[PDB]
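Heads up, what comes next is one protein chain in two forms, each shown on its own as structure tokens, labelled structure 1 and structure 2.
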Structure 1
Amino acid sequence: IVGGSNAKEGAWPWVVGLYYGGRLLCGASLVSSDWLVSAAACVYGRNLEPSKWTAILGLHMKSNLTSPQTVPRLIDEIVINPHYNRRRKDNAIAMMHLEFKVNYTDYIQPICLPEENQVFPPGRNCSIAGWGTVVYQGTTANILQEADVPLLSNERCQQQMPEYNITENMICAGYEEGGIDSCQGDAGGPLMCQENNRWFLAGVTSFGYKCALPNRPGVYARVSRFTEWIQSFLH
């Protein structure tokens, strides 16, 4: 996918991995003590059997699931946003309920949701996370990657990718010359923006056209307008 870098231990405590059938299929974020926020597209068609989903909290390396800092958990309830379409790829955000609960620790922390009428200005650098690949396809990296990419306004996003509706329900991040992206390969985590002195769940990894290609913005699911829906299930 190009653009990844090394991630320190505990750098992203709210990034968790989702395993279905023994393989890392998608990613999620830790918001509360019993709920996760993940992409609805990658969990579609597998919500009838939540027992087959393995939620790994505090994961740092693909083949090092032995440290005590990582506490595996199961998923019992899976809910998908009713506004999802699967044809326009609109509102690809779904929530997964943990088995019982998770104890807060240094390497496992929640992430604050955006408040009402809180929009991150475009052009502000934000971090991305996920267990993506170095090349466009294949050769999955065993170490969590991190990169900084400024937000792209939807006005130019709808023109740079004249294939979707985009509308106001998506947030685009990318570069004019490309190089840094997280849309394809594997989500493995959401889009995080930090203002004041704390990160926020600004976006969730979504579909895309190409990785490390110029004039190919990376689409991310907008969470500012979905704060109420998430908070309805958080408590």
Structure 2
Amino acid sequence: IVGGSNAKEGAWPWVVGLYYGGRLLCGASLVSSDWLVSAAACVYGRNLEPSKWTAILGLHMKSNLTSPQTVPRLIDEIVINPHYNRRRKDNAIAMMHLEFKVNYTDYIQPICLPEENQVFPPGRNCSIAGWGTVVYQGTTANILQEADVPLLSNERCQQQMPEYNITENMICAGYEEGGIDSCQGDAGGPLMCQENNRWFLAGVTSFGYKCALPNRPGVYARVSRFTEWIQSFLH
């Protein structure tokens, strides 16, 4: 997000937006015909009234919501991962159920999920996207921003951010020189890697100390450790 570049039409068909209260608050990713994956940290106190949540499909430009290229949708059921604490910021993954089935088109496509024993080795570029603030002070009301960050080992992640246990349930991506981050404004963005020419889902954006801060990257939750929970009701 921070320091990113403008995306192209249909570049990220699997990224969807979530609207509550009339403004975008958190991002989500399309997996199945009627399910989405989003960070559980943002959708914590707003899960009791799914009717007020509006699901936006293919929100390439935030200025067009009623455009024919954008398919509005409503949220029916919100499911939060039980093993969430809000204290360690662990297992910040949530699943949302769409009221109606969503068709797949050129600009609306699903995303892959990690399989068993599928761990991305560190040092690989992985793409990120979101509609969050790109300057850490202003606001984002323009085209979707995209960026690519490399995967960093958790051993260095714990040292560079001596505030959380991190453990093996989190994956950290960023640049030691700083300037690129996606943990501001829109924390629902997905962490996307490239395994073969089919693409994959790696993680979901989570808490970040500060954007563009030197040697202070973001935190992502490994979807590979939540694949079973997602598939338990993916249908």
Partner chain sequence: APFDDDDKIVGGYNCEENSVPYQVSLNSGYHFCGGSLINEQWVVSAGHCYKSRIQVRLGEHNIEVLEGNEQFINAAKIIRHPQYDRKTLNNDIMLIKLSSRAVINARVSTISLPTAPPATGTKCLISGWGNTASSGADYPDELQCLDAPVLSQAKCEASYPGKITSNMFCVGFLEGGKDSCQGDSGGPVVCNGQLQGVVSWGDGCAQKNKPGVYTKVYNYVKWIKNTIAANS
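Basically, rigid core = biggest C-alpha set you can superpose within 1.5 Å across the two forms. For residue numbers, the reference is structure 1: its sequence is counted from 1.
Open item on the list: Does the form solved in complex with its partner chain correspond to structure 1 or to structure 2?
Closed with: Structure 1 is the matching one, since it is the form solved in complex with its partner chain.
- [ ] Superpose on the rigid core and then read off how far the CA of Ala141 has moved between the two structures, in Å.
- [x] It moves 3.9 Å at the C-alpha.
Task: Per-residue C-alpha deviation between the two structures [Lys52; rigid core superposition; Å] - done: Comparing the two forms, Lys52 shifts 0.8 Å at C-alpha.
TODO: Superpose on the rigid core and then read off how far the CA of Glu195 has moved between the two structures, in Å.
DONE: A shift of 1.5 Å at the C-alpha.
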